[PDB]
Amino acid sequence: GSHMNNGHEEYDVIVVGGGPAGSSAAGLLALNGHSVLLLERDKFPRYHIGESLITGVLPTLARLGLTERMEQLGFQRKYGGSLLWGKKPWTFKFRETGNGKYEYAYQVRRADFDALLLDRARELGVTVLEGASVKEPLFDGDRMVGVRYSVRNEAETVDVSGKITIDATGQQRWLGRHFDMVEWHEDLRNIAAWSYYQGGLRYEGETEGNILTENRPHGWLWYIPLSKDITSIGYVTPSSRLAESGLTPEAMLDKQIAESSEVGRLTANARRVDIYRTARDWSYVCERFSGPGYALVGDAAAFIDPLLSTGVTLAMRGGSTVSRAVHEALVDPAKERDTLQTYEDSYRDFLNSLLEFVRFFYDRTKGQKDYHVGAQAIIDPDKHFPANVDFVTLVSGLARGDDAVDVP
Ligand SMILES: Cc1cc2nc3c(=O)[nH]c(=O)nc-3n(C[C@H](O)[C@H](O)[C@H](O)COP(=O)(O)OP(=O)(O)OC[C@H]3O[C@@H](n4cnc5c(N)ncnc54)[C@H](O)[C@@H]3O)c2cc1C
Ligand SMILES: [Cl-]
C-alpha cells in the first residue's frame, strides 16, 4: 500500500497566506497564466492592524487592476504625513517626488483592503481556500514539493503538490519558524497598544487624510483618519519602557493620548469606540528568502517597525517582485535558484534603506532638515536630488530604478 491522497491536486504555485503579500503574489502569478492555490486560515474580511499606506503600493494596485476600485470603495485619500518629531507638526506631501505623479495613497481598514485584494486574486484565477491552515511543508530531499494543510473542523489533513511554495504568512513566520532562521532585531523590541475613536478632529483641505505621528518622551503616537468619524490611535514604545512604568499597555495608551500635545488636542471631544489591542516583537529578517521549491515574501520574510508605515508597501512590492521571480523560475527551472537569489538581493536593498532610516528617525534629537539629509545619505549619497525629494522618495516606499516601486 501507499499513503494515497483522495482528490490529489497539483499546482504551479502554492501561496500560504492571503494578506497583501500573498494575494498580490498569487494574483500576479495567475495573470501570468500559472495555476495558483492560495491557502488562508481565516475567513475574509478579517480584522488586521496596519492601516496607513504610502505611494509605493500604487504600482502593484495598478498591475492588479485595482486603481479605480480603491476610489469606488471610498477609502480615505492620504496626500502626505504630519510629524511632530524632533527638536507644531512639520509635513511632507507625496507629490514632492516623482514629478508629482503619485499625489496620494490611502488610509485603509485592513479587513476591507485585504478582502479587495484576495477577491481580485480569485477573479484573476487563483484557487483561494479559506479556513485552510498550512501545518508543514512537504519535501523531496531538500526541495519543497507541496504542503500539508488542515481545514477547520475537518479531521483529515490534505497534502497538495506545488512546484514552488510561497510563504506569505506574515508575522506567523511559517518558514522562518520551520527552518529556525529568524534573525531578530534585538534593538527593536517594541509594543504597540491601540484603539479606535469617534469624534477626533481633522486637518483642513488635502491634509485631512494625513497620518500624524507624534513623538513622546519614551515612545510615539499614531493618529490615522480612516473616515470622517473614525481615527485609529496607537502608542508604540520599547517593551522595556512599558515594563519599567508598571502600567498596562491600555493604561499607557490612555495616559499618552491625554498628555500629548497634538493628539491630545485632536481628541478633546473624542470617545474610544472599540476594544484595546496590542502587538509586540515584530522586528526581524529571515536568514534566507528562498530555497529549492520555496520563497518567502512580506512579513514572513522581514518586518521593520510601524514608524513611517512601510509594511504593506514592503509586502506588495514583495508580491510584485516574487511573482516576477517565480514566473521566471517556472519558465526556466534551471535558473530557479539564481532568480530567487536575485529576488532576495533586491528585497534586502530596499529593506535595508528603510531599516537604516527608521533606526535614524528614532533619534528624536534631530530636526526636519537633519532627517531629510539622513534620507539623502542613504538613497542618494551623490546628491542627484534635493534632500527633501530624497526624504519623500524613501518614506513613500519608492526606489529609483526598482521596477516594482519606481519613482514616476
Ligand atoms: C502595530 C502595527 C501597526 C502597523 N501599521 C502599519 C501601517 O500603518 N502601514 C503599513 O503599511 N503597515 C503597517 N504595519 C505592518 C503591516 O501590518 C504588515 O507589514 C502587513 O500586514 C504585511 O502583510 P502580509 O501579507 O505580509 O502579512 P499579513 O497581512 O499579516 O497576512 C498574512 C496572512 O497569512 C495567514 N496565515 C498565517 N499563517 C497561516 C497558515 N499557517 N496557513 C494559512 N494561512 C496563514 C493569516 O491569516 C494572514 O491573513 C503595522 C504593523 C503593526 C504590528
Ligand atoms: Cl509598518
# chains A, B, ... in the order shown; residues from 1 in each chain; ligands from 1
$ residues_around --residues "residue 253 in chain A" --least-positions-apart "4" --cutoff "9 Å" --atoms "only C-alpha atoms" --output "ChimeraX atom specification"
/A:192-195,221,233-236,248-249,257-258
$ select_by_dssp --residues "range 133-338 of chain A" --states "alpha helix (DSSP H)" --output "JSON, numbers by chain"
{"A": [174, 175, 176, 177, 178, 239, 240, 241, 242, 243, 244, 245, 249, 250, 251, 252, 253, 254, 255, 256, 257, 258, 259, 262, 263, 264, 265, 266, 311, 312, 313, 314, 315, 316, 317, 318, 319, 320, 321, 322, 323, 324, 325, 326, 327, 328, 329, 330, 331, 336, 337, 338]}
$ write_last_selection --atoms "C-alpha atoms" --output "short mmCIF file (atom, residue, chain, number, x, y, z; two decimals), in the first residue's frame"
data_model
loop_
_atom_site.label_atom_id
_atom_site.label_comp_id
_atom_site.auth_asym_id
_atom_site.auth_seq_id
_atom_site.Cartn_x
_atom_site.Cartn_y
_atom_site.Cartn_z
CA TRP A 174 5.75 29.82 8.93
CA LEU A 175 9.04 29.07 7.18
CA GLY A 176 11.14 31.27 9.44
CA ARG A 177 9.94 29.02 12.29
CA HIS A 178 10.19 25.80 10.23
CA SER A 239 8.77 46.80 25.87
CA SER A 240 11.43 47.75 28.49
CA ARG A 241 9.91 51.25 28.89
CA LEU A 242 6.40 49.93 29.34
CA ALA A 243 7.65 47.29 31.83
CA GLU A 244 9.55 49.94 33.84
CA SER A 245 6.36 52.06 34.08
CA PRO A 249 -0.42 48.80 27.76
CA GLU A 250 -4.01 50.10 27.76
CA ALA A 251 -3.43 52.46 30.69
CA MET A 252 -0.27 53.70 29.00
CA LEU A 253 -2.15 54.44 25.73
CA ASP A 254 -4.75 56.41 27.66
CA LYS A 255 -2.01 58.37 29.53
CA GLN A 256 -0.09 59.19 26.35
CA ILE A 257 -3.16 60.37 24.40
CA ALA A 258 -4.10 62.65 27.35
CA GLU A 259 -0.62 64.03 27.88
CA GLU A 262 -1.31 67.35 19.26
CA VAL A 263 -3.13 64.03 19.63
CA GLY A 264 -4.46 65.39 22.98
CA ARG A 265 -5.86 68.47 21.21
CA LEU A 266 -7.29 66.42 18.32
CA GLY A 311 4.86 47.22 5.94
CA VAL A 312 2.01 46.82 3.44
CA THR A 313 4.23 48.51 0.79
CA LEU A 314 7.10 46.08 1.60
CA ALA A 315 4.51 43.28 1.29
CA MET A 316 3.05 44.39 -2.07
CA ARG A 317 6.43 45.31 -3.54
CA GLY A 318 7.38 41.78 -2.33
CA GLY A 319 4.39 40.27 -4.06
CA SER A 320 5.22 42.03 -7.25
CA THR A 321 8.88 41.05 -7.24
CA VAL A 322 8.35 37.44 -6.05
CA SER A 323 5.66 36.92 -8.71
CA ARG A 324 8.16 38.05 -11.42
CA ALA A 325 10.90 35.82 -9.92
CA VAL A 326 8.66 32.80 -9.52
CA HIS A 327 7.35 33.17 -13.05
CA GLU A 328 10.93 33.25 -14.41
CA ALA A 329 11.77 30.18 -12.28
CA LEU A 330 8.72 28.24 -13.62
CA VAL A 331 9.57 29.11 -17.28
CA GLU A 336 15.24 28.88 -10.25
CA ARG A 337 17.94 29.40 -7.59
CA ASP A 338 19.62 32.31 -9.37
#
$ residues_around --residues "residue 89 in chain A" --least-positions-apart "6" --cutoff "9 Å" --atoms "only C-alpha atoms" --output "ChimeraX atom specification"
/A:82-83,212-214,262
$ write_last_selection --atoms "N, CA and C atoms" --output "PDB file, in the first residue's frame"
ATOM      1  N   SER A  82       2.068  64.154   8.616  1.00  0.00           N
ATOM      2  CA  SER A  82       2.352  65.198   9.599  1.00  0.00           C
ATOM      3  C   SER A  82       3.221  64.589  10.680  1.00  0.00           C
ATOM      4  N   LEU A  83       4.310  65.223  11.062  1.00  0.00           N
ATOM      5  CA  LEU A  83       5.281  64.694  12.023  1.00  0.00           C
ATOM      6  C   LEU A  83       5.491  65.705  13.115  1.00  0.00           C
ATOM      7  N   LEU A 212      -0.775  61.441  11.335  1.00  0.00           N
ATOM      8  CA  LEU A 212       0.040  62.192  12.268  1.00  0.00           C
ATOM      9  C   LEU A 212       0.811  61.213  13.122  1.00  0.00           C
ATOM     10  N   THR A 213       2.104  61.442  13.194  1.00  0.00           N
ATOM     11  CA  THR A 213       2.996  60.678  14.041  1.00  0.00           C
ATOM     12  C   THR A 213       3.566  61.690  15.058  1.00  0.00           C
ATOM     13  N   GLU A 214       3.401  61.410  16.338  1.00  0.00           N
ATOM     14  CA  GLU A 214       3.812  62.357  17.373  1.00  0.00           C
ATOM     15  C   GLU A 214       4.775  61.762  18.371  1.00  0.00           C
ATOM     16  N   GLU A 262      -0.460  67.309  20.420  1.00  0.00           N
ATOM     17  CA  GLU A 262      -1.315  67.350  19.256  1.00  0.00           C
ATOM     18  C   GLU A 262      -2.391  66.296  19.285  1.00  0.00           C
TER      19      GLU A 262
END
$ residues_near_ligand --ligand "ligand 2" --cutoff "7 Å" --atoms "only C-alpha atoms and all ligand atoms" --output "list in words"
residues 50, 304, 305, 306, 307, 308, 309, 310, 311 and 312 of chain A
$ residues_around --residues "residue 39 in chain A" --least-positions-apart "3" --cutoff "7 Å" --atoms "only C-alpha atoms" --output "PyMOL selection string"
chain A and resi 15-17+128-130+132-133
$ select_by_dssp --residues "range 140-173 of chain A" --states "strand (DSSP E or B)" --output "ChimeraX atom specification"
/A:140,143-151,158-167
$ write_last_selection --atoms "C-alpha atoms" --output "PDB file, in the first residue's frame"
ATOM      1  CA  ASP A 140      11.618  15.538  -1.777  1.00  0.00           C
ATOM      2  CA  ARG A 143      13.223  20.543  -2.299  1.00  0.00           C
ATOM      3  CA  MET A 144       9.835  21.722  -1.046  1.00  0.00           C
ATOM      4  CA  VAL A 145       7.222  19.975  -3.265  1.00  0.00           C
ATOM      5  CA  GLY A 146       3.951  20.940  -1.553  1.00  0.00           C
ATOM      6  CA  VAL A 147       2.266  21.432   1.829  1.00  0.00           C
ATOM      7  CA  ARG A 148       0.059  19.639   4.299  1.00  0.00           C
ATOM      8  CA  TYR A 149      -2.947  21.648   5.492  1.00  0.00           C
ATOM      9  CA  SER A 150      -5.888  21.247   7.895  1.00  0.00           C
ATOM     10  CA  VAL A 151      -9.404  22.595   7.189  1.00  0.00           C
ATOM     11  CA  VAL A 158      -4.775  17.331   2.934  1.00  0.00           C
ATOM     12  CA  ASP A 159      -1.474  17.033   1.020  1.00  0.00           C
ATOM     13  CA  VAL A 160      -1.148  19.184  -2.092  1.00  0.00           C
ATOM     14  CA  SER A 161       1.708  19.427  -4.635  1.00  0.00           C
ATOM     15  CA  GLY A 162       3.211  22.672  -5.896  1.00  0.00           C
ATOM     16  CA  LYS A 163       6.292  23.379  -7.956  1.00  0.00           C
ATOM     17  CA  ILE A 164       7.112  26.481  -5.818  1.00  0.00           C
ATOM     18  CA  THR A 165       5.541  27.313  -2.443  1.00  0.00           C
ATOM     19  CA  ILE A 166       5.430  30.950  -1.345  1.00  0.00           C
ATOM     20  CA  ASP A 167       5.277  31.667   2.406  1.00  0.00           C
TER      21      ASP A 167
END
$ atom_distance --atom1 "atom 43 (C, counted along the ligand's line) of ligand 1" --atom2 "CA of residue 19 in chain A"
10.0 Å
$ closest_residue --among "A:354, A:124, A:61, A:226" --to "residue 109 in chain A" --atoms "only C-alpha atoms"
A:226
$ closest_residue --among "A:44, A:391, A:75, A:220" --to "ligand 1" --atoms "only C-alpha atoms and all ligand atoms"
A:44
$ atom_distance --atom1 "CA of residue 74 in chain A" --atom2 "CA of residue 32 in chain A"
29.1 Å
$ closest_residue --among "A:22, A:137, A:199, A:56" --to "residue 393 in chain A" --atoms "only C-alpha atoms"
A:56
$ residues_around --residues "residue 112 in chain A" --least-positions-apart "3" --cutoff "10 Å" --atoms "only C-alpha atoms" --output "ChimeraX atom specification"
/A:44-48,73,75,108-109,115-118
$ write_last_selection --atoms "N, CA, C and O atoms" --output "mmCIF file, in the first residue's frame"
data_model
loop_
_atom_site.group_PDB
_atom_site.id
_atom_site.type_symbol
_atom_site.label_atom_id
_atom_site.label_comp_id
_atom_site.auth_asym_id
_atom_site.auth_seq_id
_atom_site.Cartn_x
_atom_site.Cartn_y
_atom_site.Cartn_z
ATOM 1 N N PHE A 44 -12.243 35.849 5.137
ATOM 2 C CA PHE A 44 -12.215 37.291 4.836
ATOM 3 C C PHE A 44 -13.604 37.847 4.619
ATOM 4 O O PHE A 44 -14.484 37.154 4.090
ATOM 5 N N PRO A 45 -13.860 39.114 4.943
ATOM 6 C CA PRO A 45 -12.899 40.040 5.530
ATOM 7 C C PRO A 45 -12.612 39.742 6.984
ATOM 8 O O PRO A 45 -13.507 39.369 7.748
ATOM 9 N N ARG A 46 -11.370 39.989 7.422
ATOM 10 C CA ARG A 46 -10.889 39.731 8.791
ATOM 11 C C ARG A 46 -10.050 40.925 9.261
ATOM 12 O O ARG A 46 -9.262 41.528 8.496
ATOM 13 N N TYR A 47 -10.182 41.261 10.552
ATOM 14 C CA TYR A 47 -9.504 42.398 11.161
ATOM 15 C C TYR A 47 -7.996 42.253 10.999
ATOM 16 O O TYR A 47 -7.446 41.184 11.216
ATOM 17 N N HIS A 48 -7.342 43.387 10.770
ATOM 18 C CA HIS A 48 -5.858 43.430 10.843
ATOM 19 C C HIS A 48 -5.441 44.866 11.132
ATOM 20 O O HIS A 48 -6.044 45.804 10.611
ATOM 21 N N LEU A 73 -14.558 52.168 -3.591
ATOM 22 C CA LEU A 73 -14.751 51.694 -2.198
ATOM 23 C C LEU A 73 -14.743 52.900 -1.271
ATOM 24 O O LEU A 73 -15.317 52.766 -0.217
ATOM 25 N N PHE A 75 -12.053 54.594 0.192
ATOM 26 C CA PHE A 75 -11.043 54.705 1.222
ATOM 27 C C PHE A 75 -10.555 56.163 1.325
ATOM 28 O O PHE A 75 -10.480 56.849 0.366
ATOM 29 N N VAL A 108 -6.499 52.784 5.153
ATOM 30 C CA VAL A 108 -7.456 51.692 4.870
ATOM 31 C C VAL A 108 -7.775 50.914 6.137
ATOM 32 O O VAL A 108 -6.905 50.548 6.912
ATOM 33 N N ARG A 109 -9.064 50.568 6.318
ATOM 34 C CA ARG A 109 -9.436 49.482 7.208
ATOM 35 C C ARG A 109 -8.995 48.190 6.521
ATOM 36 O O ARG A 109 -9.392 47.879 5.385
ATOM 37 N N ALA A 115 -9.502 42.126 1.730
ATOM 38 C CA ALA A 115 -10.554 41.371 1.012
ATOM 39 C C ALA A 115 -10.659 41.832 -0.444
ATOM 40 O O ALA A 115 -10.898 40.996 -1.306
ATOM 41 N N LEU A 116 -10.466 43.088 -0.720
ATOM 42 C CA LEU A 116 -10.426 43.568 -2.117
ATOM 43 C C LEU A 116 -9.335 42.801 -2.847
ATOM 44 O O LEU A 116 -9.543 42.290 -3.955
ATOM 45 N N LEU A 117 -8.153 42.725 -2.244
ATOM 46 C CA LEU A 117 -7.020 42.076 -2.959
ATOM 47 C C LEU A 117 -7.251 40.595 -3.113
ATOM 48 O O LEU A 117 -6.927 40.002 -4.142
ATOM 49 N N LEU A 118 -7.776 39.915 -2.096
ATOM 50 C CA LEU A 118 -7.984 38.456 -2.174
ATOM 51 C C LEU A 118 -9.102 38.176 -3.163
ATOM 52 O O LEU A 118 -9.006 37.212 -3.946
#
$ residues_around --residues "residue 209 in chain A" --least-positions-apart "6" --cutoff "9 Å" --atoms "only C-alpha atoms" --output "ChimeraX atom specification"
/A:76-81,106-107,202-203,224-227
